[PDB]
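What follows is one structure encoded as structure tokens, with my remarks underneath.
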Amino acid sequence: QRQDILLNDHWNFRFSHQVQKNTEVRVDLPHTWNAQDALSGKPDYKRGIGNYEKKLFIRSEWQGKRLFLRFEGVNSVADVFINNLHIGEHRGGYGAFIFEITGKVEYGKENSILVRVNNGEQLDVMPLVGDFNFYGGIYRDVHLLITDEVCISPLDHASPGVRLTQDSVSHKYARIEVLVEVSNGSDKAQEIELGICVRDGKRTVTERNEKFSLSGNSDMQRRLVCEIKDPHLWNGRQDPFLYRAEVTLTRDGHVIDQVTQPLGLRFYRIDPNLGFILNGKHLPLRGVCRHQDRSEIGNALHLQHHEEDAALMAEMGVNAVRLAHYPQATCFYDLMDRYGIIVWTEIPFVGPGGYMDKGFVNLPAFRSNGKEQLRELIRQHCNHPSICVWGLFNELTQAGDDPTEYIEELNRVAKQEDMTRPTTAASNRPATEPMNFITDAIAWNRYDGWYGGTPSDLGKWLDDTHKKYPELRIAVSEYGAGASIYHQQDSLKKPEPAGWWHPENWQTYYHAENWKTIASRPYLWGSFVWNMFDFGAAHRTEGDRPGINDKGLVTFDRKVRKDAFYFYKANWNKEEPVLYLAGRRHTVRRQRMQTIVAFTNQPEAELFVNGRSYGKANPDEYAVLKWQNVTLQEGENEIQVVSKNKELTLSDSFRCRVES
Amino acid sequence: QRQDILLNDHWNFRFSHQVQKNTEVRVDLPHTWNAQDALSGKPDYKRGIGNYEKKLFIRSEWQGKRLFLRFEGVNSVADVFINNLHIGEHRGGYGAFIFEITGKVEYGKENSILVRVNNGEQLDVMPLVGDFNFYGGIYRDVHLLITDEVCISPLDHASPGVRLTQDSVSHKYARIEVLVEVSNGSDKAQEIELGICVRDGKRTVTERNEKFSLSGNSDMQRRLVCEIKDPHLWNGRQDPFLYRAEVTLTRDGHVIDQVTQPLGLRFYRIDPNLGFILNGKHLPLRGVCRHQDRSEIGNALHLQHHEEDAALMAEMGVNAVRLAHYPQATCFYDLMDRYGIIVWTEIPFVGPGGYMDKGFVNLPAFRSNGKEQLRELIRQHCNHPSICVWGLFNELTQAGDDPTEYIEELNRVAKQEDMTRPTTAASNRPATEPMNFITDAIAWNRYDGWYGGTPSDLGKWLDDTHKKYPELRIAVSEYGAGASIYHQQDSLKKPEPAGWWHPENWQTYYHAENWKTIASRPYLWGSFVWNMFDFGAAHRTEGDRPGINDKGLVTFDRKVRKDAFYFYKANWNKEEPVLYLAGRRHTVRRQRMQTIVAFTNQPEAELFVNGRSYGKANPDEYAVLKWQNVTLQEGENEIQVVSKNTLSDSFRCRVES
Amino acid sequence: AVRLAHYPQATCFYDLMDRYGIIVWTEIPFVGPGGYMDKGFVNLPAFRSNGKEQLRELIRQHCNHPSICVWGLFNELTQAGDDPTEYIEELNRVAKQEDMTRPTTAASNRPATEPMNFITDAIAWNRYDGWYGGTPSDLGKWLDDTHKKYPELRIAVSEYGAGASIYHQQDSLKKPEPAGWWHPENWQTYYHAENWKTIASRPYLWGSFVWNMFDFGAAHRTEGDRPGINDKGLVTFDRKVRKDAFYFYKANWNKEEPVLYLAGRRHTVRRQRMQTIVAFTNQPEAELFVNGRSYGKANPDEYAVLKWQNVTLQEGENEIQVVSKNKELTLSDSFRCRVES
Ligand SMILES: [Cl-]
Ligand SMILES: [Cl-]
Ligand SMILES: [Cl-]
């Protein structure tokens with residue numbers, strides 16, 4: 001009944017700095033204008049105003065309906081015009097936002113949609129700093145909504161208008177409360193029927209409907225309640241079961257409007273000594289971090305790109321994700337729902353880390369806008385079963401303008417919006433700083449063995465902190481190491497992090513030792529690898545090219561899994577057979593005697609070097625096969641590893657050459 | 001004695017796009033970071049955040065005083081930090097602004113000022129568009145103000161704290177209402193003597209004092225009424241007389257704070273049919289526009305630059321100047337006060353003109369800020385006798401977000417702030433548009449004979465408008481033509497304005513015809529030339545080099561007066577001898593036959609060509625000497641002109657048929 | 001005298017030197033790296049054959065100009081790497097085939113021992129003692145040392161100079177850092193007064209050449225008051241403003257146009273109350289008036305320098321005027337000035 005029309009095709013664009021006429025060029029949404037300058041490594045890429053114009057014919061039959069323009073993302077600040085009259089402004093690059101254009105168009109005519117987008121710097125719109133790209137543009141989809149004059153309202157913070165809250169969840173019973181925004185845009189009072197039907201496919205599981213009166217040009221909220229006995233729980237990747245919940249408005253029979261949403265029922269708690277308990281059973285959060293960009297296109301992502309990023313994490317055995325450092329797309333939360341991957345999602349309250357300036361500036365506009373951004377985050381995505389914590393900052397400092405007061409304010413805003421999920425944060429503060437003690441959970445970013453030290457520093461630090469504050473729920477927000485797939489060398493030696501040489505073997509070593517450190521500590525409720533993918537950061541000058549943070553387990557184009565990916569796949573994915581030699585891309589070696597390493601989830605593998613066996617071996621606790629003192633021969637070599645397990649015979653091999 | 005310490009020397013600077021540490025460099029205020037990229041013709045010059053830091057030592061003997069940071073101009077949005085703790089933001093690149101730091105520093109030790117300056121694009125801080133450059137930075141002076149704990153307050157829209165309102169002026173009597181803001185920063189009540197002394201050189205002209213008690217931590221506004229019988233009126237360039245008004249705070253017989261302000265007394269009115277009448281006598285307003293930049297340095301101007309601009313204007317006989325398109329430097333207002341030049345100064349409410357986008361966006365942060373800039377402009381510069389009109393917009397359009405109500409709102413704000421001067425605007429709308437009728441006076445930007453048409457079209461349009469709207473007080477806000485000193489040709493032909501060829505002879509022809517049109521029309525209360533000076537406009541791609549609006553009478557480096565300068569000088573300056581051949585820069589000619597033109601304010605001159613006399617000639621009504629059918633030799637040629645009353649002028653050129 | 005760096009210039013400018021009477025050193029663009037990277041000489045066949053063509057072009061094109069008096073062969077080459085010393089000898093021989101009436105010379109930055117300093121008939125060195133390292137007095141000792149070691153060389157100073165922004169001012173005379181963003185004007189003034197004293201006491205120098213008459217373009221530079229400018233001119237890059245040191249030379253060198261010029265007119269905000277007040281004149285006397293009060297008459301020293309020590313300025317505004325009377329001609333100069341602390 002209700003209509004949702006994609007508006008991405010054929011816009012006109014120009015930069016306000018192109019001040020002459022006839023300078024517009026065709027673009028097609030999604031779109032950023034920084035996919036070339038920023039990705040090329042230019043730190044001063046284009047940050048300012050871009051102008052999108054669309055011609056949209058408003059049909060006559062649409063008069064008497066209600067028309068909305070929903071934007072799923074526009075970085076950073078957007079001003080919307082209909083036939084060149086301002087209708088609204090939205091400040092924030094990552095929440096969806098909406099405007100009703102029912103009273104603003106000429107029915108039966110072409111009309112003009114004009115979106116003036118600014119991604120230039122501000123001190124009053126988070127994020128203010130960050131180790132990533134602030135791609136400017138309409139980089140997510142744009143939709144025309146047409147509904148009945150009486151509808152389930154899409155206007156409240158661009159939420160769906162249906163909000164599904166879970167309490168009393170057990171293996172035996174669950175209670176769901178359903179908050180519905182209903183809007184009467186007619187001049188007449190209406191007697192409507194409101195109904196909720198929760199379904200398993202096409203089988204009704206529960207159902208309640210309600211008749212009530214609503215005056216003209218008025219909206220009110222309705223909160224229905226229903227129950228499910230012996231509910232089918234959403235249980236992570238073991239069984240990511242999903243009800244669909246349909247809320248309908250009815251009038252004289254026949255549906256007049258409909259909204260459907262996912263319902264995944266789960267209970268869980270974060271235990272200071274046991275970690276994360278999902279539906280009564282402990283669950284390691286084997287996590288990675290993910291940014292929303294890609295090679296060549298920046299953050300103008302299409303559906304298939306989200307799907308592919310999800311598939312690669314699923315393949316590696318990921319069961320948790322931190323979506324850094326901002327609200328991300330509905331269809332990615334969808335995929336995490338459907339795969340059973342637990343989600344940490346946060347507002348863009350990002351501090352400087354090792355860089356300059358601040359993530360917090362004590363401006364009324366900044367503080368206020370931040371609260372609206374956190375309110376957008378929760379109201380737009382709270383229905384997703386995969387979301388399990390709400391994150392409030394990444395790497396703020398207490399020096400200069402101190403955000404501790406404001407963070408406490410944000411924490412309270414989160415609880416007003418959602419009591420059912422803990423808050424968390426990603427800190428790089430000494431443990432004594434108050435801001436580590438506000439959120440329900442806390443976590444630190446740690447690079448022991450990359451930005452200085454050795455991996456053993458990590459377990460000591462975490463052990464000490466867990467001892468001094470026994471009630472903290474500690475996790476590793478970030479840990480990782482740079483790696484170019486074209487940087488190879490025989491020996492493990494710690495590269496300079498800020499230089500043009502990130503040899504792949506050190507990333508491998510780093511994650512091996514670090515996962516060992518994490519896996520020995522059950523008090524950590526999760527760990528999150530920085531990062532799943534290389535991602536654009538235009539100011540970086542390191543690795544094999546500028547403009548890239550190269551700590552991904554997979555390359556920026558999603559083409560090449562680095563060695564470390566297969567290390568995590570050996571450990572985390574016990575379903576697909578894995579047998580993978582490390583260092584296949586080290587193809588020109590200077591030593592004759594080497595240490596060979598493979599990763600497997602098989603019980604046993606045997607190494608062969610020019611057909612000459614070097615023995616069977618079993619992986620250690622963390623899936624690592626290792627043969628020291630393997631003599632290669634001058635010139636060409638072939639290195640093959642083989643494993644048999646009943647009918648399952650696996651093989652991996654590569655070639656290489658030794659010079660001197 | 002109140003202390004005023006310049007803080008321009010040695011600051012640390014880095015762009016915020018320089019994320020890495022140790023990337024600061026030294027700058028020395030005044031400073032912009034767009035003096036290289038914008039003036040090189042880069043359309044997307046850097047519009048973003050730059051961070052200035054200074055270490056400043058807070059002396060122990062200042063504890064117990066008050067301490068003010070006053071910024072004369074920072075484009076466009078500034079946030080100021082004391083020891084990295086925010087103390088306020090200012091939105092707007094051309095008004096002065098101030099923040100008190102008394103309670104924000106550690107006395108006796110080093111402190112740090114951090115000024116985070118953002119010239120990035122905004123849709124809520126005028127100007128949004130404009131044919132000029134938005135040079136970012138702290139491009140005007142920065143002072144430390146030390147005052148008594150009870151002081152003449154510097155905090156109200158960064159005003160001087162003293163307002164000199166001329167409520168009645170005549171050749172016999174002037175009455176001046178003085179408004180002084182007094183601040184008590186003490187925790188105890190204070191009884192203080194407020195005094196004002198109006199001085200002529202050293203002679204006290206009038207004097208008024210009063211005693212009151214001001215309670216602790218309280219601000220108050222006093223209003224003393226001064227009178228001057230038989231006043232010495234400030235009467236333009238004929239006699240730019242200035243009294244000095246010294247307001248002082250006394251306490252138990254000792255002066256503790258002092259503020260002096262100009263007082264130039266005058267009355268005037270703008271007659272619909274007769275033009276501008278100053279102190280009872282008609283003045284043609286012979287005017288030019290002026291921007292606050294210069295080659296190589298952008299808008300990071302010094303005093304000598306202001307002074308050289310003013311002198312060049314006075315040399316040409318200017319007696320009115322329109323300061324486009326924004327509040328400019330107090331120091332340049334002082335100059336016009338002292339020369340006697342009438343000033344038109346306006347808020348940066350600038351529309352797109354020939355270009356894209358809008359001068360107005362209907363959102364409340366834009367409306368709010370605009371009223372604040374208008375209040376900033378009047379409260380900060382109202383004590384200059386040169387400022388005679390306040391302008392509200394330049395080239396706004398009624399399409400899209402209609403700004404007409406908002407301009408009515410802005411008109412009422414200026415009347416609230418200053419009833420003694422009329423409002424004006426610079427329009428490019430058809431006379432039908434309602435926005436033309438809000439301000440007391442109105443004017444139009446017109447380029448008949450440059451952007452299409454012929455100069456004769458100005459008079460016809462003006463005439464038609466005066467007849468249709470006889471109550472309008474009409475002036476020409478802009479008229480002008482582009483020229484490069486390096487584009488020369490034999491004959492007069494109209495260039496394509498958007499092209500790379502702007503021959504000088506066209507600019508000279510254009511101005512001589514347009515002045516003729518203006519000079520005939522006394523109902524114009526003024527005319528302003530676009531522009532006195534070539535200026536920066538990064539998007540321009542015309543003339544002899546990109547990034548330059550070249551409709552100036554003088555070049556961007558203020559080195560070379562174009563031919564048109566000397567036309568106006570001979571018409572407007574009858575005190576300095578002028579005799580000047582046009583076309584000396586056209587040194588390679590293709591025709592033997594020539595029309596030789598010169599400008600003069602002598603009663604006659606005689607032309608010589610390779611020594612041969614072509615005749616004594618008299619100038620026309622517009623100071624133009626012209627000899628037709630002048631016959632040049634192939635090869636080298638010397639053209640000379642002489643007058644006696646004994647002036648000479650000459651240049652050499654060669655002919656290649 | 002003018003040294004046209006570093007390349008053949010326009011005929012009309014050669015003409016202008018002919019007509020003023022200025023002696024001209026002009027040269028081929030055989031320019032070395034100086035303080036930068038890479039080389040002026042690469043031992044390619046085409047490079048060498050081209051260089052000869054460029055020198056025959058130079059001489060056959062401008063030999064008629066009488067102002068040209070020496071022919072320059074290189075600037076700041078180095079012997080490290082591809083040694084050009086042979087190829088310098090060829091060019092000098094080409095010069096000799098092309099023209100016998102003028103000596104050849106060069107502008108060196110090599111230790112005096114290097115052979116490439118003895119090929120041409122005369123030789124000069126670029127010295128920056130007191131700007132790039134050292135004191136201005138190091139220049140005298142080196143020249144005399146060199147003159148004593150090789151009494152046959154015909155030694156000139158092909159380059160000496162110091163950077164200055166007219167917008168960099170200060171109270172005291174401190175050696176700035178050359179590659180930094182701060183070139184105060186008082187230092188360039190000091191540099192030239194001291195270096196000219198060193199030059200003018202040494203008659204065995206057949207000439208000296210200020211680097212440079214004007215600030216010139218050099219995109220790579222990041223010093224002084226803006227990027228991309230070599231700011232050692234005596235006059236700005238727009239030929240509009242004469243820096244202090246220009247007037248030190250005009251007083252010294254131009255004894256026909258009267259000069260009376262106070263130094264430091266652009267330093268309009270001082271921080272100290274006692275000042276040394278220096279002026280340059282070719283008049284015989286001048287009197288200094290500070291806020292209308294005489295600080296006495298004074299005579300210029302041998303190098304046209306008037307100095308009044310221990311000048312007391314008031315806090316706030318100041319007016320500094322110096323005035324000369326020579327029979328008919330009366331000269332005055334003044335500038336305003338502000339003291340804060
Ligand atoms: Cl922060
Ligand atoms: Cl507009
Ligand atoms: Cl070399």
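Ordering of the structure tokens sets the chain letters (A, B, ...); residue numbers start at 1 within each chain; ligands are numbered from 1 in the order shown.
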Protein and nucleic acid residues within 8 Å of ligand 2 (only C-alpha atoms and all ligand atoms) as a PyMOL selection string | chain B and resi 350-352+357-361+395-403
Output of the above residues as a PDB file, in the first residue's frame, restricted to N, CA and C atoms:
```pdb
ATOM      1  N   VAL B 350      25.839  39.918   0.856  1.00  0.00           N
ATOM      2  CA  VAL B 350      26.213  40.011  -0.557  1.00  0.00           C
ATOM      3  C   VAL B 350      25.547  38.876  -1.311  1.00  0.00           C
ATOM      4  N   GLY B 351      24.947  39.188  -2.457  1.00  0.00           N
ATOM      5  CA  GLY B 351      24.285  38.188  -3.263  1.00  0.00           C
ATOM      6  C   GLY B 351      25.137  37.750  -4.439  1.00  0.00           C
ATOM      7  N   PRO B 352      24.577  36.877  -5.298  1.00  0.00           N
ATOM      8  CA  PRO B 352      25.419  36.148  -6.256  1.00  0.00           C
ATOM      9  C   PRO B 352      25.784  36.948  -7.500  1.00  0.00           C
ATOM     10  N   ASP B 357      24.350  30.304  -6.770  1.00  0.00           N
ATOM     11  CA  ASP B 357      23.986  30.268  -5.354  1.00  0.00           C
ATOM     12  C   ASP B 357      23.269  31.524  -4.868  1.00  0.00           C
ATOM     13  N   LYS B 358      23.384  31.854  -3.582  1.00  0.00           N
ATOM     14  CA  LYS B 358      22.506  32.847  -2.969  1.00  0.00           C
ATOM     15  C   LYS B 358      23.254  33.693  -1.948  1.00  0.00           C
ATOM     16  N   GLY B 359      22.820  34.938  -1.840  1.00  0.00           N
ATOM     17  CA  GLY B 359      23.231  35.767  -0.723  1.00  0.00           C
ATOM     18  C   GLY B 359      22.440  35.509   0.541  1.00  0.00           C
ATOM     19  N   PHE B 360      21.236  34.960   0.409  1.00  0.00           N
ATOM     20  CA  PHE B 360      20.356  34.676   1.536  1.00  0.00           C
ATOM     21  C   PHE B 360      19.990  33.194   1.546  1.00  0.00           C
ATOM     22  N   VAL B 361      20.010  32.611   2.741  1.00  0.00           N
ATOM     23  CA  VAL B 361      19.480  31.285   3.019  1.00  0.00           C
ATOM     24  C   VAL B 361      18.567  31.426   4.233  1.00  0.00           C
ATOM     25  N   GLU B 395      23.207  43.135  -4.054  1.00  0.00           N
ATOM     26  CA  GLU B 395      22.903  42.184  -5.136  1.00  0.00           C
ATOM     27  C   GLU B 395      22.201  40.929  -4.625  1.00  0.00           C
ATOM     28  N   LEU B 396      21.213  41.119  -3.761  1.00  0.00           N
ATOM     29  CA  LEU B 396      20.344  40.035  -3.353  1.00  0.00           C
ATOM     30  C   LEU B 396      19.240  39.849  -4.374  1.00  0.00           C
ATOM     31  N   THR B 397      18.750  38.629  -4.469  1.00  0.00           N
ATOM     32  CA  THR B 397      17.691  38.295  -5.401  1.00  0.00           C
ATOM     33  C   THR B 397      16.461  37.798  -4.665  1.00  0.00           C
ATOM     34  N   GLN B 398      15.311  38.055  -5.266  1.00  0.00           N
ATOM     35  CA  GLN B 398      14.028  37.689  -4.682  1.00  0.00           C
ATOM     36  C   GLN B 398      13.630  36.262  -5.030  1.00  0.00           C
ATOM     37  N   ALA B 399      14.365  35.621  -5.935  1.00  0.00           N
ATOM     38  CA  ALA B 399      14.073  34.240  -6.269  1.00  0.00           C
ATOM     39  C   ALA B 399      14.652  33.313  -5.210  1.00  0.00           C
ATOM     40  N   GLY B 400      14.070  32.127  -5.109  1.00  0.00           N
ATOM     41  CA  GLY B 400      14.495  31.283  -4.015  1.00  0.00           C
ATOM     42  C   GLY B 400      14.060  31.871  -2.683  1.00  0.00           C
ATOM     43  N   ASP B 401      14.912  31.696  -1.668  1.00  0.00           N
ATOM     44  CA  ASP B 401      14.623  32.307  -0.376  1.00  0.00           C
ATOM     45  C   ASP B 401      14.552  33.820  -0.572  1.00  0.00           C
ATOM     46  N   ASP B 402      13.355  34.354  -0.505  1.00  0.00           N
ATOM     47  CA  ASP B 402      13.135  35.798  -0.593  1.00  0.00           C
ATOM     48  C   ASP B 402      13.623  36.481   0.679  1.00  0.00           C
ATOM     49  N   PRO B 403      14.624  37.357   0.608  1.00  0.00           N
ATOM     50  CA  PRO B 403      15.129  38.048   1.806  1.00  0.00           C
ATOM     51  C   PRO B 403      14.406  39.340   2.170  1.00  0.00           C
TER      52      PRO B 403
END
```
Check every protein, DNA and RNA residue against ligand 1, keep those with an atom at most 6 Å away (counting only C-alpha atoms and all ligand atoms), and present them as a ChimeraX atom specification.
-> /A:351,358-360,396-397
Nearby polymer residues, ligand 3, at most 9 Å, only C-alpha atoms and all ligand atoms, as an MDAnalysis selection string = chainID C and resid 30:34 38:42 75:84
Got a sec to pull out which chain C residues are within 10 Å of chain B, counting only C-alpha atoms, and send them as number ranges by chain?
-> C: 167-170, 180-182, 225-228, 237-240, 266, 268-269, 271, 316, 339-341
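Counting from atom CA of residue A:344, the distance to atom CA of residue A:423 is 9.5 Å.
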Got a sec to pull out which chain A residues are within 7 Å of chain B, counting only C-alpha atoms, and send them as a list in words?
-> residues 17, 19, 20, 21, 43, 44, 48, 49, 84, 85, 86, 120, 121, 355, 356, 362, 400 and 401 of chain A
Go ahead and save the residues from that selection, with C-alpha atoms, as a compact mmCIF listing (two decimals), in the first residue's frame.
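The result, written out as part36.txt:
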```txt
# COMPACT_ATOMS: atom_id res chain seq x y z
CA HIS A 17 33.44 26.99 -5.64
CA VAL A 19 30.73 29.92 -9.25
CA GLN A 20 29.93 30.15 -13.00
CA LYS A 21 26.77 28.76 -14.58
CA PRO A 43 45.51 15.57 3.38
CA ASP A 44 43.82 18.79 2.36
CA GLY A 48 33.06 22.35 1.72
CA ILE A 49 29.76 22.77 -0.11
CA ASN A 84 14.60 26.57 -4.03
CA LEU A 85 12.79 27.34 -0.76
CA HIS A 86 14.63 26.09 2.30
CA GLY A 120 33.83 21.41 5.58
CA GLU A 121 35.34 21.58 9.02
CA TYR A 355 47.31 13.38 16.27
CA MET A 356 46.54 17.08 16.93
CA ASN A 362 33.02 23.07 24.83
CA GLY A 400 42.07 21.02 27.47
CA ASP A 401 38.29 21.05 27.27
```
Skipping near chain neighbours, those fewer than 3 positions away, what residues fall within 7 Å of stretch 594-609 of chain B using only C-alpha atoms, listed as JSON, numbers by chain?
-> {"B": [566, 567, 570, 571, 574, 577, 578, 579, 580, 581, 582, 612, 613, 614, 615, 616, 617, 618, 619, 623, 624, 625, 626, 627, 628, 629, 630, 631, 638, 639, 640, 641, 642, 643]}
How would you write, as an NGL selection string, the set of residues in stretch 260-414 of chain B that DSSP gives as strand (DSSP E or B)?
-> :B and (260-263 or 265 or 268-271 or 275-278 or 281-283 or 286-290 or 294 or 298 or 320-323 or 342-346 or 350 or 387-394)
For stretch 389-392 of chain A, list every protein, DNA or RNA residue within 8 Å, evaluated using only C-alpha atoms, and leave out those in the same chain fewer than 4 positions away; present the list as number ranges by chain.
-> A: 343-349, 407, 410-411, 414, 421-426
Take the residues that were just selected and, keeping N, CA, C and O atoms, output them as a compact mmCIF listing (two decimals), in the first residue's frame.
```txt
# COMPACT_ATOMS: atom_id res chain seq x y z
N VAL A 343 27.12 -6.73 17.51
CA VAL A 343 27.49 -5.40 17.01
C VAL A 343 27.75 -4.46 18.17
O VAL A 343 26.91 -4.31 19.08
N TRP A 344 28.88 -3.77 18.10
CA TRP A 344 29.18 -2.60 18.90
C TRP A 344 29.09 -1.44 17.92
O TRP A 344 29.85 -1.39 16.93
N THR A 345 28.16 -0.52 18.16
CA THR A 345 28.02 0.65 17.31
C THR A 345 28.01 1.89 18.19
O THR A 345 27.49 1.88 19.32
N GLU A 346 28.59 2.97 17.68
CA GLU A 346 28.91 4.12 18.51
C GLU A 346 28.59 5.41 17.77
O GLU A 346 28.43 5.46 16.55
N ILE A 347 28.49 6.49 18.54
CA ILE A 347 28.35 7.82 17.97
C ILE A 347 29.74 8.34 17.64
O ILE A 347 30.73 7.86 18.20
N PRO A 348 29.86 9.33 16.74
CA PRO A 348 31.16 9.81 16.26
C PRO A 348 31.86 10.80 17.18
O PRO A 348 32.31 11.86 16.76
N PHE A 349 31.97 10.44 18.46
CA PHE A 349 32.62 11.29 19.44
C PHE A 349 34.08 10.83 19.54
O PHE A 349 34.49 10.17 20.49
N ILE A 407 30.24 13.52 28.81
CA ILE A 407 30.07 12.09 28.59
C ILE A 407 29.03 11.53 29.54
O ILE A 407 28.10 10.82 29.14
N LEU A 410 25.81 12.34 28.09
CA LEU A 410 25.46 11.42 27.01
C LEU A 410 25.03 10.07 27.57
O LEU A 410 24.01 9.52 27.14
N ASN A 411 25.79 9.53 28.53
CA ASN A 411 25.41 8.26 29.14
C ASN A 411 23.97 8.29 29.63
O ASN A 411 23.19 7.36 29.39
N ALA A 414 21.55 8.07 26.66
CA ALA A 414 21.44 6.69 26.22
C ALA A 414 20.43 5.89 27.05
O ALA A 414 19.56 5.20 26.50
N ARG A 421 20.35 -2.32 26.73
CA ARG A 421 21.71 -2.61 26.24
C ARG A 421 22.73 -1.79 27.02
O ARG A 421 22.50 -0.60 27.26
N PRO A 422 23.86 -2.37 27.40
CA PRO A 422 24.88 -1.57 28.10
C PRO A 422 25.47 -0.50 27.19
O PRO A 422 25.42 -0.58 25.95
N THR A 423 26.00 0.53 27.82
CA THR A 423 26.85 1.47 27.12
C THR A 423 28.28 1.04 27.28
O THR A 423 28.65 0.34 28.24
N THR A 424 29.10 1.48 26.34
CA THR A 424 30.50 1.18 26.34
C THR A 424 31.22 2.39 25.77
O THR A 424 30.60 3.41 25.43
N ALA A 425 32.53 2.26 25.64
CA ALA A 425 33.35 3.31 25.07
C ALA A 425 34.71 2.70 24.77
O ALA A 425 35.07 1.64 25.29
N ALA A 426 35.46 3.39 23.91
CA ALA A 426 36.77 2.95 23.47
C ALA A 426 37.77 4.02 23.88
O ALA A 426 37.79 5.11 23.30
```
Smallest atom-to-atom distance to residue B:243: which of B:433, B:308, B:200, B:227, using only C-alpha atoms?
->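 The closest residue to residue B:243 is B:200.
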DSSP says helix (DSSP H, G or I) for which residues of stretch 200-251 of chain C? Put them as a PyMOL selection string?
-> chain C and resi 200+244-251
Please provide as a list in words all residues within 12 Å of stretch 143-153 of chain C, with the sequence filter that same-chain residues fewer than 4 positions apart are discarded (counting only C-alpha atoms).
->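 Answer for this query is residues 105, 111, 112, 113, 117, 118, 119, 120, 121, 122, 123, 124, 125, 126, 127, 129, 137, 138, 139, 157, 198, 199, 201, 202, 203, 204, 205 and 206 of chain C.
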Near stretch 291-307 of chain C, within 10 Å and counting only C-alpha atoms, which residues show up once chain neighbours fewer than 6 positions away are dropped, as a VMD selection string?
-> chain C and resid 193 to 194 196 to 197 200 247 to 253 259 to 263 276 to 285 313 to 314 317 to 324 336
Excluding residue A:560 and residues on its chain fewer than 2 positions from it, collect all residues at most 12 Å away from it, counting only C-alpha atoms, and give them as a ChimeraX atom specification.
-> /A:312,484-486,532-534,552-558,562-566,585
Atomic separation - atom CA of residue C:98 relative to atom CA of residue C:68, Å = 14.3 Å
Give me, please, the distance in Å between atom CA of residue A:277 and atom CA of residue A:234, quoted to one decimal.
->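 Separation of atom CA of residue A:277 and atom CA of residue A:234: 13.4 Å.
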Using only C-alpha atoms, pick whichever of A:440, A:337, A:296, A:156 has the shortest atom-to-atom distance to residue A:239.
-> A:337
